[PDB]
Each structure stands twice: as C-alpha cells, then as structure tokens.
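# Commentary on secondary and tertiary structure
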Amino acid sequence: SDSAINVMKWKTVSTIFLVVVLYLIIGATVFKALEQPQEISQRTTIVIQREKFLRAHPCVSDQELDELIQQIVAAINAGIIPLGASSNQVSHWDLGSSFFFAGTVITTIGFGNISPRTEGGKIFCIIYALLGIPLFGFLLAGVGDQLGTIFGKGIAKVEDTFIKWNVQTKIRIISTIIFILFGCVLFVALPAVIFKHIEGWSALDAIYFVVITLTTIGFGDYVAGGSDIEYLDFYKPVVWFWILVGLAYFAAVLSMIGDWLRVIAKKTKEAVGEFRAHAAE
Amino acid sequence: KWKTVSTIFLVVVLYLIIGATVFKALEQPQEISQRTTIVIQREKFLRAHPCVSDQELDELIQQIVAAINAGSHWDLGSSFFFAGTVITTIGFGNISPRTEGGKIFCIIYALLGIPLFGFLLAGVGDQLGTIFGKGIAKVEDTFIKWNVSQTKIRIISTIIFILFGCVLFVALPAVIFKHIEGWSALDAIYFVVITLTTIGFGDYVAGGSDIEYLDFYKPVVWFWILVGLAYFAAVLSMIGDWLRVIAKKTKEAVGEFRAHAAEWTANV
Ligand SMILES: CCCCCCCCCCCCCCCC
Ligand SMILES: CCCCCCCCCCCC
Ligand SMILES: CCCCCCCCCCCC
Ligand SMILES: CCCCCCCCCC
Ligand SMILES: CCCCCCCC
Ligand SMILES: CCCCCCCC
Ligand SMILES: CCCCCCCC
Ligand SMILES: [K+]
Ligand SMILES: [K+]
Ligand SMILES: [K+]
Ligand SMILES: [K+]
Ligand SMILES: [K+]
Ligand SMILES: [K+]
C-alpha cells in the first residue's frame with residue numbers, strides 16, 4: 001500500500017518515457033526529412049560563393065578569409081551593422097530593449113536575439129531569473145484567473161440561450177469550442193495579422209511566431225522587437241502585454257491538450273486490452 | 001470581488017523596469033567597446049588588403065548576412081536533440097526550421113509534444129520527489145530526536161535539498177561541461193541555469209560548437225535535462241513560496257503601520 005503503489009508508479013513513468021523517446025525519434029526523422037534538402041542546397045551554394053570570391057580576388061588572403069568570417073560570426077553574436085555606410089548603429093541595449101529583454105527572462109521565452117555578454121550581466125541574469133521566474137508565474141496565474149473568470153461571465157450568457165428542450169454534459173463540448181474559437185482569434189489570428197502588416201512577415205511566419213512565442217519555446221528566429229524598421233513605440237509595450245495574456249491562453253490550451261492526452265491514453269489503454277483479449281484469441 | 005492582480009502587475013512592471021536599467025548598465029559598456037573595436041577591425045582589413053575595395057567588402061558581408069539564415073546540421077542525432085528543445089520549451093534556437101512544412105510540423109509537434117513532455121516530467125518529478133522522501137526519512141530520525149524541535153527542522157531538511165541538489169544538477173554537470181566544451185567557470189553555471197530554467201537563450205548549447213564531443217555525451221545531456229528540469233521546477237516553486245510568505249509578511253506589516261498611522265490620526 002505504501003510502496004506497493006510506488007511499483008505501479010514506476011511502471012507508469014517508464015512507459016511514458018518510451019512514448020516520449022519514440023516521439024522524439026519520430027520528430028527527429030521528420031525534421032531532417034524536411035530541413036536536410038534545404039540544408040544541402042544552402043551548404044553547396046555557399047562553397048560556390050566562396051570559390052567565386054577566392055578565385056576572382058587572388059590577392060586576398062586566401063586562407064585568412066575564414067579568419068575574417070569567424071570575426072563576423074563573432075560580430076553576429078553581438079548587435080551589429082558592419083558596413084561601409086551606416087557607421088552610426090542603433091542600441092540593442094537601449095532604454096526599451098533591456099525592458100523587453102527582462103520580459104524574455106522572467107517569462108522563460110528567452111528569444112536569445114539579445115543576450116548578456118558581461119560577466120556581471122550573466123550573474124545578474126541568473127539572479128534576475130531565479131527570482132523573476134517565480135515572480136512572473138504569480139502574475140501569469142492572476143491574469144489566468146481573470147481570463148478564466150472573464151470567460152466565465154461571457155459563457156454564462158451563452159450557456160442559457162442554448163437551453164432548449166433536450167439539451168449539461170453535452171453542452172460542455174460547445175462551450176469549450178467557443179473558448180478555442182474566440183481564443184485563436186484574439187490571441188493568435190488578430191496579433192498575427194498585425195505582425196504581418198508591421199514586421200513584413202508572411203502568413204505562416206506570423207502564426208509560427210505566435211505559437212513559438214506563447215508556447216514559451218521562443219527560438220528567436222522571429223522576434224517582434226528584433227529589427228530596426230520603424231517601431232512606433234506604441235508597439236513594443238503592447239507586444240509583451242499581448243504575451244502576458246496570450247501565455248495565459250496557451251497555458252489553458254496546452255493543458256486542455258494534456259487532458260485530451262489523458263483520455264486518449266486511457267482509451268488506447270483499454271483498446272489494447274480489448275484487442276489482446278478477443279479476435280479468436 | 002477584490003482583484004489583487006493589479007498590485008502584482010505593478011510589482012512586476014517595476015521589476016522589469018529595474019531589471020531593464022540594470023541590464024543596459026551592465027551590457028551597454030561592453031556594447032560600445034565591441035562596436036568600436038569592430039570598426040577598427042574593418043579599416044584594418046580595408047587598409048591591409050588593397051586587394052578588396054569598399055564595394056566588394058559589403059557584398060561579402062551581405063552574403064554572410066544571408067548565411068545568418070543558415071549558418072553538419074539536422075543529422076540523425078541533431079534533429080532528435082532539436083525535438084527535445086521543442087517539447088521541453090527550452091528552444092535554444094541554434095537550429096530552427098526554415099521549411100514551410102518544418103514550421104507547420106513544428107507548430108503541431110509543439111502543441112502536442114509540450115503536453116506530452118509535461119507528463120513525463122511530472123512522472124520523473126514524482127520519482128525524485130519520493131526518492132528524496134526516502135533520503136530524508138533517514139535524516140529525520142538520526143538527529144531529530146536530539147536537541148532541535150521539528151518545526152525548526154523543516155529548515156535544515158530543505159537546505160539539504162538545495163545543497164545536495166545544486167551539487168548533482170548544477171555543479172557536477174557544470175564541471176563536466178567546463179572540461180568537455182572548454183567553457184569557463186561561470187559559462188558552465190550560466191548554461192545550466194539558462195537550460196534548466198527553460199529560458200534557453202542558445203548563446204551556450206551543449207550540442208553546438210561541433211568539433212570535440214563523443215556519442216556518449218549527447219544522450220546524457222538531454223537525460224540530465226529531463227531530471228534537472230524537475231529539480232528547478234521545485235526550486236523555482238520553492239522560491240515562489242518564499243515570495244508568497246514575504247508578500248504576506250509585508251502585507252500585514254503595512255497593515256500594522258497603516259493601523260497606528262490612521263489610529264492616531266483619528267484621535268488627533
Ligand atoms: C497555415 C498553418 C495551419 C496549421 C494548422 C495546424 C492544425 C493542426 C491540424 C492537425 C490535424 C491532425 C489531428 C490529429 C488528432 C490527434
Ligand atoms: C569562480 C567563478 C564562480 C562563478 C559563480 C558565480 C555564481 C553566482 C550565483 C549567485 C547566486 C546567489
Ligand atoms: C503590498 C504587496 C506587495 C508584495 C510584495 C512582494 C515584493 C517581493 C520583493 C522581493 C525582493 C527580493
Ligand atoms: C474583457 C475581455 C478583455 C479582452 C482583452 C483582449 C486582449 C487582446 C491582447 C492583444
Ligand atoms: C499518442 C500515440 C502514441 C502511439 C504509441 C502507442 C503505444 C501503445
Ligand atoms: C523589488 C522590491 C519591490 C518591493 C515592493 C513593495 C511594495 C509594498
Ligand atoms: C545556496 C544559497 C542560498 C542562500 C539563501 C539566502 C536566504 C536569505
Ligand atoms: K524558451
Ligand atoms: K532561443
Ligand atoms: K528559447
Ligand atoms: K543565435
Ligand atoms: K520555456
Ligand atoms: K516553465
């Protein structure tokens with residue numbers, strides 16, 4: 001009873017582990033099947049642009065070119081505009097950017113477009129995160145509570161007008177759809193349409209960014225406050241504000257998918273029992 | 001009835017404002033020195049090589065700027081590790097999908113893989129939670145019958161979680177990273193924090209800088225991540241409870257003061 005269920009626990013964990021391993025193997029085989037074709041073509045067309053510049057300029061230091069490229073690669077890790085023209089650059093750590101950077105830290109999005117290179121900044125970031133991450137979780141919980149109860153008001157009016165004859169257990173389906181329906185409008189679609197017309201992104205690049213942002217994965221390959229274009233500055237505030245509330249939306253969405261995985265686990269759990277039982281033994 | 005959210009919001013805003021002012025105070029000094037020493041290293045290359053001209057350098061820079069979009073990537077092992085960055089929401093970003101299908105798959109792979117990982121991390125966190133429960137049962141006998149009372153023992157037993165934990169999940173993997181990737185002292189601890197906090201800037205990655213590492217190394221990293229995430233998950237939530245107490249202690253301390261201030265105020 002005390003450590004007898006602990007055996008029933010460890011058997012549950014190991015089985016999850018392998019489902020995750022398989023899922024990482026499946027995802028692996030899919031991604032390289034999707035990216036390796038465009039990898040090689042970019043890998044092979046960059047050696048041609050090497051030989052095109054090695055040979056056309058014999059007087060350049062033929063092998064010290066990679067020495068230069070590595071220094072530009074080292075410059076890439078900083079915020080740079082290394083050009084003949086445009087010798088006055090912009091601050092990547094300005095009064096507004098460091099504010100947005102702190103938002104990447106406590107939310108654990110961490111786009112990485114701007115990362116600290118100072119040993120003091122590194123240590124502060126460590127202390128700023130370890131105390132700021134729990135701080136934000138309480139704000140996100142409070143906002144998630146507000147949205148949870150804001151939606152509770154808006155669904156109360158919707159769960160009475162649909163009360164015809166022969167309607168509670170099958171109304172919980174239609175009311176969770178309007179959460180997704182309205183939800184992916186205000187927190188995915190509408191901010192994606194805005195990003196498309198402000199950052200110049202494509203259709204998918206906007207939705208891809210919203211997902212990567214609000215899933216707090218944050219690759220940083222797309223960031224709303226990365227480039228220099230115009231940035232009204234009525235724009236950088238509403239972004240992290242959107243993030244604050246949008247995170248609360250996916251927090252439910254991801255957890256709803258989680259419960260959808262609970263059921264499908266059980267339903268395949270019993271269906272494997274059905275199948276191994278019957279079918280002419 | 002009462003909100004209590006708005007008050008937290010402003011504490012977070014001020015914390016983001018203070019953190020902002022600190023970060024640029026820490027980085028903008030080294031921002032200038034690196035931006036001024038790149039302009040010198042650019043004239044150093046125009047002057048030392050009359051071979052290359054003003055117009056031909058900027059053509060090269062834009063090609064490397066075009067290479068920023070790309071840079072063996074996405075091999076049989078790398079895409080496996082990349083999927084680990086997605087479901088754990090670490091997302092180092094050193095390797096990101098450039099294909100329309102890869103982006104769409106990644107969206108679907110995340111929306112369904114993030115909850116999937118949540119249950120595995122919960123199961124491992126359960127094991128560590130009960131593995132540690134065995135380790136403290138022996139610690140809560142041998143010197144607890146002796147002088148100190150047990151409400152004051154809840155202090156010493158939570159220290160051994162932090163003390164022995166930041167050894168196995170921060171220090172020891174950082175010492176290994178220091179001697180395998182050649183990182184410095186802080187760069188190892190900085191990576192462990194950024195990794196296990198799920199922030200994952202990607203400025204340091206155990207799978208990148210690909211010259212020197214073996215096939216006995218890339219498995220153990222994600223394995224360490226799986227268990228180390230469960231460790232910070234508690235650590236961050238414990239710090240959360242520290243704040244939840246300190247809030248309530250300053251909560252009532254302001255009441256104590258606003259009591260006497262207004263209590264004398266009425267008496268005038
Ligand atoms: C233009 C981008 C659209 C991307 C939308 C992705 C929607 C996901 C649909 C996946 C359908 C599979 C359902 C399997 C149920 C477990
Ligand atoms: C010898 C260099 C060791 C660097 C370790 C600094 C870590 C600071 C963490 C602060 C936590 C309170
Ligand atoms: C009146 C309620 C204010 C809540 C106080 C929380 C502030 C915690 C600061 C911790 C700094 C290390
Ligand atoms: C009462 C409903 C408030 C909805 C706010 C919508 C926020 C959109 C953020 C972009
Ligand atoms: C969620 C689908 C997982 C497929 C593996 C099934 C093993 C019983
Ligand atoms: C970072 C410390 C903030 C303290 C705020 C106290 C508000 C009563
Ligand atoms: C390992 C460092 C913990 C220090 C805690 C300080 C609490 C006042
Ligand atoms: K992240
Ligand atoms: K990142
Ligand atoms: K990230
Ligand atoms: K990068
Ligand atoms: K995260
Ligand atoms: K997290």
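Residues numbered from 1 in each chain as written, not as in the entry; some residues may be left out. Chains lettered and ligands numbered in written order. Heavy atoms only, no water. Residues with missing side-chain atoms left out of burial classes, pairs and counts.

The deposited coordinates derive from X-ray crystallography, with the record listing a resolution of 3.901 Å.

### Re the packing of helix α6 (residues 153–180) of chain B against helix α8 (residues 218–267) of chain B
Residue and element names in this part refer to chain B. Definition in use: As a rule, the C-alpha atoms of each element are fitted with a line to give its axis, helices using only the stretch in contact, and angles between N-to-C directions run from 0 to 180 degrees. Under the scheme used here, helices are H or I runs from DSSP no shorter than 4 residues and strands are E runs no shorter than 2 residues, and both carry numbers assigned from the N terminus. What makes a crossing left-handed is the near helix being turned counterclockwise from the far one by less than a right angle; a clockwise turn instead makes it right-handed. The contact criterion used throughout is that any non-hydrogen atoms of two residues lie within 4.5 Å.
The contact between α6 and α8 brings their axes to 11 Å, and the two run at 145°. Taken as a pair, α6 and α8 cross one another with a handedness that is left-handed. On α8, the residues that touch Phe161, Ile162, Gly165, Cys166, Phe169, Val170, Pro173 and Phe177 of α6 are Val221, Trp224, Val227, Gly228, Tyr231, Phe232, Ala234, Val235 and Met238.

### Here we look at the UniProt feature "binding site: K(+) 2" in chain B
This is how it is decided: UniProt positions are given in the numbering used here, feature names are shortened, and annotations may be inferred rather than shown by experiment. The buried label applies to any residue whose accessible area, calculated with a 1.4 Å probe on protein chains only, is under 20% of its type's maximum; exposed applies above 50%, and partly exposed to all values in between.
Per the UniProt record, the feature "binding site: K(+) 2" sits at B:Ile90, B:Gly91, B:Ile199 and B:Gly200. Across 111 residues in sequence, these annotated residues keep their C-alpha atoms within 7.9 Å of one another, forming a single compact spot. Counting through the fold element by element, B:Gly91 comes out in the loop between α3 (78–87) and α4 (100–137). B:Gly91 sits in the buried class, given a relative accessible area of 0%. If you trace the backbone, B:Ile199 turns up in the loop between α7 (185–196) and α8. In this view, B:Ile199 contacts A:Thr104, A:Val105, A:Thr108, A:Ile109, A:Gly110, A:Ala129, A:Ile133, B:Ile90 and B:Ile194; residues no more than four positions away in its chain are not counted.

### Regarding the coordination of the potassium ion (ligand 8)
For the record, the criterion: Here the coordinating atoms are restricted to nitrogen, oxygen and sulfur within 2.8 Å of the metal centre, or 3.2 Å for Na, K and Ca, and because water is not among them the sites may look incomplete.
Only A:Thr108 (O), A:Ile109 (O), A:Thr216 (O), A:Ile217 (O), B:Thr89 (O), B:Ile90 (O) and B:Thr198 (O) from the protein reach the potassium ion (ligand 8) as donors, at distances of 2.7 to 3.1 Å. Taken as a pair, the potassium ion (ligand 8) and the potassium ion (ligand 10) show a spacing of 3.0 Å, with A:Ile109 coordinating each metal. Of the two residues, A:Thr216 is situated in the loop between α6 (203–214) and α7 (236–277) and B:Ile90 in the loop between α3 and α4; the pairing between them involves two chains. Considered together, A:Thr216 and B:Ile90 belong to a single accessibility category, that of buried residues.

### Here we look at the coordination of the potassium ion (ligand 12)
For clarity, the cut-off: Here a site with four donors is tetrahedral if all angles are between 85 and 135 degrees, and a site with four or six donors is square planar or octahedral if opposite donors are over 155 degrees apart and the other angles are between 65 and 115; anything else gets the irregular label.
Distances from the potassium ion (ligand 12) to its protein donors, namely A:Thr108 (O), A:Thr216 (O), A:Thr216 (OG1), B:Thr89 (O), B:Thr89 (OG1) and B:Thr198 (O), fall within the range 2.7 to 3.2 Å. Coordination geometry of the potassium ion (ligand 12): the six donor atoms subtend angles of 55 to 160° at the metal centre, consistent with an arrangement described as irregular. Separating the potassium ion (ligand 12) and the potassium ion (ligand 8) is a distance of 3.5 Å, and A:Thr108 donates to both of them. On the basis of relative accessible area, A:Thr108 is assigned to the buried category, the value being 10%.

### Some remarks on the UniProt feature "binding site: K(+) 1" in chain A
Here is the rule we go by: Pairing of N or O atoms within 3.5 Å defines a polar contact, subject to two protein rules: one partner must be a possible hydrogen donor and the other a possible acceptor, and residues neighboring in sequence count only if both atoms are side-chain atoms.
Mapped onto the present numbering, the UniProt feature "binding site: K(+) 1" falls at A:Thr108, A:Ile109, A:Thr216 and A:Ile217. For A:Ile109, a relative accessible area of 2% translates into the label buried. If we skip the residues at most four places from it in the chain, A:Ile109 touches A:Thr104, A:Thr213, A:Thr216, A:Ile217, A:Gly218, A:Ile243 and B:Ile199. Ignoring any residue separated from it by four or fewer positions in sequence, one finds A:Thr216 in contact with A:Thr107, A:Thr108, A:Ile109, A:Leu247 and B:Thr89. From its side chain, A:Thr216 meets the backbone nitrogen of A:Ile109 in a polar contact 3.5 Å long.

### A closer look at helix α1 (residues 5–48) of chain B
Counted only if it meets this: By definition here, a helix of n residues has an expected span of 1.5 Å times n minus one. Bend, at a single residue, is the angle you get between axes fitted to the 7 residues ending at that residue and the 7 residues starting at it.
The end-to-end C-alpha distance of α1(B), which contains 44 residues, comes to 61 Å, matching closely the 64 Å that a straight helix rising 1.5 Å per residue would cover. Along its length, α1(B) shows its largest kink, about 35°, at B:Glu27, and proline B:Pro29 lies within four residues downstream of that point.

### A word on the UniProt feature "intramembrane region" in chain A
Residues and elements named next belong to chain A. UniProt tags residues 95–121 and 203–233 as "intramembrane region". For residues 95–121, the end-to-end C-alpha separation is 16 Å, with 48% helix and 0% strand making up the annotated structure. In the segment residues 203–233, helix accounts for 39% and strand for 0%; the C-alpha atoms at its two ends are 24 Å apart.

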